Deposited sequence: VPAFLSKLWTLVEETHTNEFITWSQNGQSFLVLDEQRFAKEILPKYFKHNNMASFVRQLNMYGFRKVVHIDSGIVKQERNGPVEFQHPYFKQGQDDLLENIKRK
């Protein structure tokens, strides 16, 4: 499991970040709320940048898809709450 996936799981799961990034209700996707504050305040604590576009570039590199200020939602079939055993099934493109 590459660092991006382990950090992303920690990021979503961690309670102290849930103001900005957290599981959806059904646990089959995650939400990013307050994207401007998320990228300035949260991203540089886990990654080497503060750019939402670079975070989303990584999501796309691992096959995450968007779920169609305001919350944004992303999903991967093998990124599921309580099922971190599926993380090894996610492949970098």
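Unmodelled region (deposited sequence positions with no C-alpha coordinates, counted from 1) is 69 to 79 alone.
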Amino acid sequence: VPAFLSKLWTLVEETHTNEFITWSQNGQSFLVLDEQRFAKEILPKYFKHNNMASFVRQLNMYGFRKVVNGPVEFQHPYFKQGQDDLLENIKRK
From here on, numbers count along this sequence of modelled residues.
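Higher mean CA temperature factor, per the PDB entry, when comparing 34 to 42 with 57 to 65: 34 to 42. Averaged over CA atoms, B-factors in the entry run higher in 9 to 17 than in the other of 9 to 17 and 73 to 81.
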